[PDB]
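Residue numbers (PDB author numbering): 3 to 125, 127 to 261.
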Ligand SMILES: [Zn+2]
C-alpha cells in the first residue's frame, strides 16, 4: 500500500484499498459540544504512567512514534468508559502546515494546530495484533495542541527530531515521561471509533480531552522540518498528516463532565 497525505494518495483515496474507510464507526469526528451529553455512568478515569518505559522514536513515513515497553502492565489506562486494563504501546502526533489546521478531531468545527494520540491495547486480548481485531481492542487518549507557550515536557521529543528526519530512521529514546504531555484537567468526551490511518480498523474507544495543551511556535516549527520521504529522496515536508472528520452515523458522544 502507498497511502499518504499527498495530492494523489491522501485520505479521499484511502477507501479504494481500505473499503472500511466508508464504514459505520470511522474516526475522527467533529465533537458538537452542545449535543454531547454528560454521562453519570462513566467511572473515574485512571491514567497510570508512573512506571512507563519508553524505548525508541521512529519516523515511519507518516508520523513519528515514541514506542514503549508493553511486555508487562507498566503504563496503563483504566476507568472512564473502559472495562479492564489497557496497556500503553506508543504515542504520536498529527499536525498541520500552519496553526489553523492539524488536529483530526474538531470541537464545534474548530481545528487545533495538532493532536497527540496515546495508543493503548486491551490486555484481555494478549497482544496488540489480536486487540485491533476487536471492537473494544484499543483505547486512544487524544490531546489537542494549540500554539502559545512552550511545553517543557515536549522539548525532549523536539530535540531528537533532527536525528530521525527521514522515513525509516530511529533513535534510542529512553526515560521519557508521558505525564509531561497531559493538561491539568482530564475532563473528556468519549465515543466508539476507529484508527485514523490505514488499515482504519474499527477497534477504538476514543477518549478526547477537553483541555488543550500549549506548545510554542518554535516547537511546532521543528515538527514541520521532518520528512515523509526516505534518506536521499526528493524532500517532502511532513505536514498535514491529519485525516478530516468522518460521519458520526448512529453514534453518541458522551461527556465526562457536567
Ligand atoms: Zn493518530
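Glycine is no exception: its CB is placed at the ideal position from the N, C-alpha and C atoms.
Check                                                                                                                        : Outcome
Cβ-heavy atom distance, residue 142 to ligand 1, below 8 angstroms                                                           : no
Own chain partners of residue 169 with C-beta closer than 7 angstroms, once the 5 adjacent residues on each side are dropped : 61, 230, 232, 233, 234
Residue span of the alpha helix (DSSP H) that contains residue 226, given as start and end                                   : 220 to 226
Under the three-state DSSP convention, the category residue 63 falls into                                                    : coil
Extent of the continuous alpha helix (DSSP H) run through residue 134                                                        : 131 to 134
Alpha-carbon to alpha-carbon, residue 141 and residue 129                                                                    : 12 angstroms
Distance cut 6 angstroms, beta-carbon to ligand 1 heavy atom: residue list by chain order                                    : 94, 96, 119, 199
contact_flag[the segment 34 to 45, the segment 55 to 69] where n(CB pairs < 8 angstroms) is 3 or more                        : no
Whole-number beta carbon distance between residue 33 and residue 107, since they are thought to touch under 8 angstroms      : 6 angstroms
Residues bridged to residue 70 (per DSSP)                                                                                    : 56
Beta-ladder partner(s) of residue 96, from DSSP                                                                              : 117
Candidates 210, 198, 14: closest to residue 136 by CA position                                                               : 198
CA-to-CA distance, residue 147 to residue 281, given in whole angstroms                                                      : Any property of residue 281 remains undetermined from this structure, which presents the chain solely from 3 to 261.
Counterpart residues of residue 50 in DSSP-defined beta bridges                                                              : 78
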